[PDB]
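Given as structure tokens, the chain that follows is alone and in the form deposited in one PDB entry.
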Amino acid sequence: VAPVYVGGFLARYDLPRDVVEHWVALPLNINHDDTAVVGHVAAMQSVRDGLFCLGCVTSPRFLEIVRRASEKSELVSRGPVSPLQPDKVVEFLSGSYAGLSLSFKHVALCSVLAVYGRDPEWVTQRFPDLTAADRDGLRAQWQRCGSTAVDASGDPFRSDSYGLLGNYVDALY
């Protein structure tokens, strides 16, 4: 299935730049729920405004659940969508998990900042601050994924629609 990319800062500097260090892939899960692994971190770049992260949501099971929940919400602009507008799944994710939360152990899409898209370039271009050199640092990293073994043992997602509901309620609670 086609992945969804996500980007955003895991921390602004205004963790210290030197600490985060100014210059193996962490999995991506839902609200720090290990049973809800949906992808992996593709890149991390320390920039002027902070620590920027970019990940890939690859789980076919998680993505299918999102697609179905999206077809049933007022968060998505219904009616056919034109090729010039972000798709339904992208828009729903932007509404359900608007943030990124670091633990590095892993990164969690947080439901309670994060930009979602079908292309890392487009995603990165959604953040004005990031300079070409920044984008280039991010690109060199995620381009490695094309010849990196991920999801080889299969879909990393170990939950279902029922679990995501519980997970959502738990986080909000």
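Position 1 is the first residue in the sequence shown; the rest follow in order. The term rigid core refers to the maximal set of C-alpha atoms that superpose within 1.5 Å between the two forms. Shifts are known only where both forms have a C-alpha.
What comes next is about the form deposited in another entry, which does not appear here.
A movement of the C-alpha atom of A98 falling short of 2 angstroms is seen between the shown form and the other one when the two forms are aligned on their rigid core. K72 shows a C-alpha shift below 2 Å between the shown form and the other one [criterion: core-superposed Cα displacement of 2 Å]. With a change of no less than 3 Å, the CA-CA distance between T58 and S82 is larger in the other entry than in the form shown. In the other entry, the CA atoms of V123 and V81 sit closer together than in the displayed form, by at least 3 angstroms. Taking only residues common to both forms and fitting on the rigid core, the CA shifts of 2 Å or more between the shown form and the other one cluster into runs of 3 or more residues at 21-23, 77-84, 167-173.
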